[PDB]
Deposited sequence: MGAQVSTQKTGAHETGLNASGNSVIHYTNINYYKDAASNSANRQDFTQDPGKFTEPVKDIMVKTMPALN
């Protein structure tokens, strides 16, 4: 009957949730989608520069 079983936020256990409504705009918040891609803001260069090499040839 649905019953998605996920894991709980703990430091260094399961919880259960069911959707009751027919519209996807009425669920709970996501809160557990963790994605990082910082390379588009901190290295937006065409030619890649290695860290241990000199930046200017």
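Missing C-alpha runs, given along the deposited sequence, first residue counted as 1: Counting from residue 1, the one stretch without coordinates is 13-24.
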